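K.L.:
Below: the sequence, then the experimentally determined structure.
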Amino acid sequence: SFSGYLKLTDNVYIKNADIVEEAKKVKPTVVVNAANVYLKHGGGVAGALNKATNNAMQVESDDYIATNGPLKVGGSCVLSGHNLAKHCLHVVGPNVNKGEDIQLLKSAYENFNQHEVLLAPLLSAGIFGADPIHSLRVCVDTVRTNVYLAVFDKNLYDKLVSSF
């Protein structure tokens, strides 16, 4: 199961780890992707997870979008986890760089409550432009299921832990 995590609360755990490497090691039931509404997995966590699937995540996602249209900001969909997990929960946090309402971050985290345990990144962090300290606080105050957060950047991980 999950190893090396620091316990933040009853249900939230955190580790300085590459979520792709973490997923390959653990093969969790659910890995969360930091998705956009078009499921275009170009960069950040999405680009890295998709590259690890040899683009199979993108091919599956394009078919999903062709059938269903785009997701909502704050919404999600469950697709295959490919070689990374049983399932991938594609969750769209607001992208502050695209001018999206930061209050949609709580709605985005609410999607995690439909899964008993998840491996996840901090939503709206990284290239999505939100403050990761704020994302962690919203995560802790919204998610009630067991969430194992992988924070790629060591300096950010230390700042998140030391300021919690």
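P.N.:
Yes, it's here. Numbers count the residues shown, from 1 in each chain.
K.L.:
Grab the nearest non-local neighbour of residue 35.
P.N.:
Nearest residue to residue 35 in three dimensions, chain neighbours excluded: residue 90, at 3.8 Å (C-beta to C-beta, 6 or more residues apart in numbering). For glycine as for every other residue, the C-beta is placed from the backbone atoms N, C-alpha and C.
K.L.:
Quick check: bridge partners of the one you found?
P.N.:
When assigned by DSSP bridges, residue 90 has beta-bridge partners residue 33, residue 77.
K.L.:
Measure how buried it is and give me the count.
P.N.:
By other C-beta atoms under 10 Å, 26 other residues sit near residue 90.
K.L.:
Is residue 4 inside a helix or a strand, and which specific one?
P.N.:
Residue 4 belongs to no helix or strand when elements are defined using DSSP states H and E.
K.L.:
Go ahead and confirm residue 14 touches residue 161.
P.N.:
Yes. Between residue 14 and residue 161 there is a contact at 6.8 Å, judged by C-beta atoms under 8 Å.
K.L.:
these two touch, right, the residue nearest to residue 35 and residue 61?
P.N.:
Yes. Using C-beta under 8 Å, residue 90 makes contact with residue 61 at a distance of 7.4 Å.
K.L.:
Now list whatever residues contact both of these two.
P.N.:
Common contacts of residue 90 and residue 61 (C-beta atoms under 8 Å, 6 or more residues apart in numbering): 39, 79.
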